[PDB]
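One chain is shown next in structure tokens, namely the form deposited in one PDB entry.
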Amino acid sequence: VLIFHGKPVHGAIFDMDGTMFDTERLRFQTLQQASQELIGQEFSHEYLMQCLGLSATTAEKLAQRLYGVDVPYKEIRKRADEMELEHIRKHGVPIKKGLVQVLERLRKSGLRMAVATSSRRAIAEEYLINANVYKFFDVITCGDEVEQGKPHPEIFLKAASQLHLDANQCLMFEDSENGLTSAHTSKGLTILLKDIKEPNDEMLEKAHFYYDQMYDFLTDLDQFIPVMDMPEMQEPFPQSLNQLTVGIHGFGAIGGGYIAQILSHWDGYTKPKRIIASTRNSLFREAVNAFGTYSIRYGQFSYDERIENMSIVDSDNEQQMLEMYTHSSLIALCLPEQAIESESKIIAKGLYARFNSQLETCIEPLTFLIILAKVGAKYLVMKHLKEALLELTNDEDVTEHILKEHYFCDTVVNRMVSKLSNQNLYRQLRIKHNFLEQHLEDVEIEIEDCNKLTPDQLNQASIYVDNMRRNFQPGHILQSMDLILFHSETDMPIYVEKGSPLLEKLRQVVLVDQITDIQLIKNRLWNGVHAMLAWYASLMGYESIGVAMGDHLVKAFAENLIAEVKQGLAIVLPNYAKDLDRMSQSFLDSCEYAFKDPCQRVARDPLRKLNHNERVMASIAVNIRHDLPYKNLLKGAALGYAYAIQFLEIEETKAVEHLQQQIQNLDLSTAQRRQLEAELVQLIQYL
């Protein structure tokens, strides 16, 4: 059962106009536009504000007092009604921000939901069908189906009885005075929502709960509905779209092959209506926007995950990049380390455009995910962004404000991804284009029978279906046709710094108070073994680490090495015991068929990786202190100094000079220090 402020809720009855849809502000605009056409002068904003709550006859008499007795009010009101339906039917019903997010939460809480509207059955059903929120409601109760409408409680009492519920078991959402009176009298849990006019003190007294907007109620409802569990592989994305946009600054391997999945999952209730991703690869941009979608291939399960509602933009296009930082609620920075200084200029322009912007997508702060595989990545991005903001604004107060306004989150990613080559894409586009030609071969409308339709709307149906058929038939092939751009592994969880309220409900995210702990695991358990295995694979004489796993000695070494590190980390970080076991297998699985992962890239800068407080020597010092086996780690350290001397042409004198300095820095006994070196130097000589 849903508990809302200590009250068991089994139902939810919504008002339509003002509560769910922003149709009152559209009526304002149409009435002004209609007046400008007929009488020549616009009806004042102040007049229309005064008309809210009054009847059509009262509003007419007020218009007569101000604009003369012979004012064509009924003509203006009729034209305004035509302009309203016309705008709604083509551009869609204006939905209050947060509604669909609320409805999904209430529906997934098992609530039986209804609509109690003053409107007529016909227009009411079209509006709900238009907005694609009709699916959420079990019954609709209308003003033409009750003897006494608002402020009489009959409409809310009827809606409740049709759902097999007492009123006091139902949440009742309303904006108007007469509506709230109707909801309150019936004995329901009244939720008053401000539309245009600030509510009077009498209304605020009646209402059980009050909110300035829908999103404020959504924030409060989030306290009573759960954050969903980590998504499983091949689990569907949410059907319902929210009104938020998100950004992926760098549509690269990790950006398109991982972050796209996390943002596509979102909170499990809804997902963003659009995902904007920046790339300089013109072929990638034009291809994704042509299909309207792309897909990620998970080799292990031969599963093609389709990422919908994508819109690719040029990284060099200013207006497109500023639109990302202006419209998006969350942005994921998926750039290389070499691109930070150059891209920081475009970030500064984006945030400064957001600072100057007078839009309601910009008034709320931005959540910034730093997706870089380097320690102190945040420090690097924040430093460069500071330099760029001063260079653009030339104002220290505005610069600091922007840096402190937005949330900058440090992240740790484990999933490995491979971006498809431009040649492989062209090959795919040629074959997929050939299927479209084959599909456009067989494409080259009769609505008979009485059915229950008039001959006017039977002719009109033929026009609709034929027009739809001509436009959709070419895109029928997309039912079973995916544009593959990424080959990724099965690793789901992303570790993010706790801070941003927008991350609290993201189900594929793991929030940590400090990123230090999981970075140390990522360093020692993942990168450390990856480096020590890459050194072994290279000396054994293999190009990729994938081919190397075919050798029994290499795979055995990899399995024994992850065992010694995680045994030690289990004592140091026992609170991450589950994370160690999960990451252990995730690494071994990804390593198996890593043919596209070269050993050179992983084996770079061996001496730096063999430092006392780094991804090798630190793991040994822990295992020695806690009396655990370190034979495979000590072998790994030996392969490091061996690789450096053989492949990088480093001196044997430099290797020992470095080694000794690192051992003296370790927190070990003078006896333990000597024994480690004596054993290690002997292993290197053999190789």
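Position 1 is the first residue in the sequence shown; the rest follow in order. Between two forms, the rigid core is the largest collection of C-alphas that superpose within 1.5 Å.
According to the entry, the stretch of the deposited sequence that connects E444 to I445 contains 4 to 9 residues lacking coordinates, which leaves a gap of moderate length in the model. Looking at 449-457 and 206-214 together, the entry lists the larger mean B-factor for 449-457, computed on C-alpha atoms. As the entry records it, the average C-alpha temperature factor is higher for 540-548, out of 540-548 and 181-189. Note on the listed residues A388, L111, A80, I196: the highest Cα temperature factor in the record is that of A388. Across the residues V115, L553, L85, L573, the deposited record lists the maximum Cα B factor for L553. In the deposited entry, the Cα temperature factor of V496 places it in the lowest third of its chain's modelled residues.
In the deposited entry, the Cα temperature factor of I129 places it in the lowest third of its chain's modelled residues. When the modelled residues of the chain are ordered by their C-alpha B factor, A34 lands in the middle third. In the deposited entry, the Cα temperature factor of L66 places it in the middle third of its chain's modelled residues. When the modelled residues of the chain are ordered by C-alpha B-factor, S278 sits in the middle third.
The following text describes the form deposited in another entry, which does not appear among the structures shown.
Only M549, out of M549, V313, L392, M382, shows a C-alpha shift of 2 Å or more between this form and the one not shown on alignment of the rigid core. Once you line up the core between this form and the one not shown, the Cα of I571 ends up 2 Å or more from where it was. The Cα shift for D216 between this form and the one not shown, taken after rigid core superposition, is smaller than 2 angstroms. In a rigid-core overlay of the protein, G350 has its C-alpha displaced by under 2 Å between this form and the one not shown. Shown here is a form in which the CA atoms of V510 and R582 lie at least 3 Å closer together than they do in that other deposited form.
Relative to the shown form, the Cα atoms of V510 and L573 move apart by 3 Å or more in that other deposited form.
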